[PDB]
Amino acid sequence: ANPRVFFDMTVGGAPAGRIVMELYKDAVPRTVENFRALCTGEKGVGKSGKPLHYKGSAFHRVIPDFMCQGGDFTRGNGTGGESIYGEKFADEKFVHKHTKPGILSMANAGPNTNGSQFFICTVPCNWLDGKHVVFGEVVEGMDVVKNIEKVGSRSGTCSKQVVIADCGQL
């Protein structure tokens, strides 16, 4: 089966609901395995000395009519993050494109720099195709996504903090 993982989100400390994501283990298993493990925290601590775990991390960059970005559990601002394999890992395959809201894809700093940061598209983003590895999609709680999207701004700054209060695997 393709794994399903979840985030229980808060916005300004207030519960916002659950996002459930299906991960395309069938297509991009190495990328999926990283994300799945970062939802459970099972692999221990990274090079940063922080837990390899999304729990407690935030969506630090949210841009309406584009995407929600999170996963920087080491610096909280887009300058950190790391994978269960080490700081960075290769782009596995570009077999899926950024075709619809709810697509889940890896943020990076150029080719072969995947860590832990990810984004959820809120529009089709074809200009990202070939540059970011798509590895899953939101299957429930897209409303929670759209509610987070509204707290964002053009600068990416959020009006209230958007936190993955809890996370794990179903």
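From 1 onward, residues are counted along the sequence shown.
When 118-126 is weighed against 31-39, 118-126 comes out higher, by mean CA B-factor as recorded in the entry.
Of the two stretches examined, 45-53 and 109-117, the record assigns the greater average C-alpha temperature factor to 45-53. Among the modelled residues of its chain, residue 71 has a C-alpha B-factor that falls in the lowest third according to the deposited record.
Sort the chain's modelled residues by C-alpha temperature factor and residue 9 lands in the lowest third, per the entry. Per-chain ranking of the deposited C-alpha B factor places residue 167 in the lowest third.
In this PDB entry, residue 136 carries a Cα temperature factor that places it within the lowest third of its chain's modelled residues. In the PDB entry, residue 23 places in the lowest third of its chain by CA B-factor.
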